[PDB]
Amino acid sequence: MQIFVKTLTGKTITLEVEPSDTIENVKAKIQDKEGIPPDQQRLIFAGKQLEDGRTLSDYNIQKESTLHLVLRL
Amino acid sequence: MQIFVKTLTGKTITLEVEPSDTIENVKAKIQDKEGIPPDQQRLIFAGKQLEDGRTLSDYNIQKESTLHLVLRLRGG
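Novice: Any chance you could explain the pairing of strand β1 (residues 2–6) of chain B here in plain terms?
Specialist: Walk down a regular strand and you will see the side chains alternate between the two sheet faces. Residues and elements named next belong to chain B. Direction of pairing for β1 relative to strand β2 (residues 12–16): antiparallel, over a ladder of five bridges. Directly across from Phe4, in β2, lies its bridge partner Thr14. Between β1 and β2, which pair antiparallel and follow one another directly, the connecting turn spans five residues, one of which, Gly10, has a positive phi of 85 degrees. In this sheet, strand β5 (residues 66–71) lies alongside β1 in parallel orientation, the contact comprising three bridges. Counted as the bridge partner of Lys6 is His68 from β5.

So, in C-alpha cells, the structure goes:
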C-alpha cells in the first residue's frame, strides 16, 4: 500500500509499505529518498509522535494515510 | 492435498495443505521450506493477489493447483 509523508514546506513523498512495516523501516525509506538521518526524523500521526519499534498497523495507518515529518531541534 | 508454488526462475515448491488452510499458513510453509519471510511474499492465483485471512477453498484452489510467488524488495 502507499502512504504519504508530508514536510511543513509543502512537499509530499510517496512510500510503498505494508501494514507490518515498522516506523523505523519508514524512517529508513525517508533517509534513502531524502538524506535525513533517522535520529533527526520525528514522524507524527493522529497527534502522536510515532515510536520506532511499532508497526503501521499498530497505529491504524492505512492506505493513502499521511504522516507528518518534522526535524528534531 | 498437494499444491505448487512457482518462483520467477520457474523453480517449483511443493506443499502439502488442506482446503481449509489460510493463505497465511501457506506463506508460513513457504518460509519453512525456502527461508523467505511471509511479509515479503505475494501469492497470485487466477489473476488475483491472495489475501492472508482467506482459505484455499475461498479461492477455489484445489489439488495440483499452481500459485505464483513474487517478492517484495525491502527498501522502497
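Novice: What is the right way to read the sheet that holds strand β5 (residues 66–71) of chain A from this model?
Specialist: Strand pairs in the sheet, formed through backbone hydrogen bonds, run parallel or antiparallel to each other. All names here are of chain A. If you walk across this open sheet you meet the five strands as β2-β1-β5-β3-β4, and the pairing is mixed. Here the strands that pair on one side only, and so sit at the sheet edges, are β2 (12–16) and β4 (48–49). Both strand β1 (residues 2–6) and β2 contribute to a ladder of five bridges, which runs antiparallel. Among the inter-strand pairings, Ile3 is bridged to a residue of β2, identified as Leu15. In the packing of helix α1 (residues 23–34) onto the sheet, contacts are made with β1, β2, β3 (41–45) and β5, and the angle to β2 comes to roughly 125 degrees.

Novice: Help me understand the pattern of salt bridges in this model?
Specialist: Where charged atoms of side chains with opposite charge meet at close range, the side chains can pair. Applying the stated criterion across every chain yields a total of seven salt bridges over all chains. When the shortest N-O distance is used, the salt bridge between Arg72 of chain B and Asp21 of chain A registers 3.2 Å. With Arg72 of chain B in the segment after β5 and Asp21 of chain A in the loop between β2 and α1, the pair connects residues from two separate chains. No difference in accessibility class separates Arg72 of chain B from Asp21 of chain A, as the two residues are buried. Put simply, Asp39 of chain B and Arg74 of chain B hold a salt bridge, and the shortest N to O gap is 3.6 Å. Here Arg74 of chain B lies in the segment after β5 and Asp39 of chain B lies in the loop between α1 (23–34) and β3 (41–45), a separation of 35 residues in the sequence.

Novice: What is the right way to read the environment of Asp58 of chain A from this model?
Specialist: As for its placement among the helices and strands, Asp58 of chain A is situated in the loop between β4 and β5. Along the backbone, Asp58 of chain A and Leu15 of chain A are 43 residues apart, and their C-alpha atoms lie at a distance of 18 Å.

Novice: Looking at this model, I keep getting lost on the interface of chain B and chain A. Mind explaining?
Specialist: The extent of an interface is frequently quoted as the accessible surface area lost upon association of the parts. Contacts between the two partners involve five residues from chain B and, on the opposite side, nine residues from chain A. Summing the contributions of chain B and of chain A, the shared interface buries around 450 Å²; its carbon and sulfur component is 29%. Looking only at chain B, the three residues that lose the most surface to chain A are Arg72, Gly75 and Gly76 of chain B, adding up to 78% of its buried area. One can count two salt bridges joining chain B with chain A. Taken together, the links from chain B to chain A amount to three residue pairs in polar contact. Its residues placed into classes, the side of chain B that touches chain A shows no nonpolar, two polar and three charged.

Thresholds, definitions, all that
Residues numbered from 1 in each chain as written, not as in the entry; some residues may be left out. Chains lettered and ligands numbered in written order. Heavy atoms only, no water. Pairing = 2+ DSSP bridges. Helix = DSSP H or I, 4+ residues; strand = E, 2+ residues; numbered from the N terminus. Contact = heavy atoms within 4.5 Å. Axes fitted to C-alpha atoms, helices over the stretch in contact; angles between N-to-C directions. Salt bridge = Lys/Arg side-chain N within 4 Å of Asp/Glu carboxyl O. Buried < 20%, exposed > 50% of the residue type's maximum accessible area, 1.4 Å probe, protein only. Buried area = accessible area lost by both parts, 1.4 Å probe. Polar contact = N/O pair within 3.5 Å; in protein donor to acceptor, adjacent residues only side chain to side chain. Nonpolar A, V, L, I, M, F, W, Y, C, P; charged D, E, K, R; others polar.

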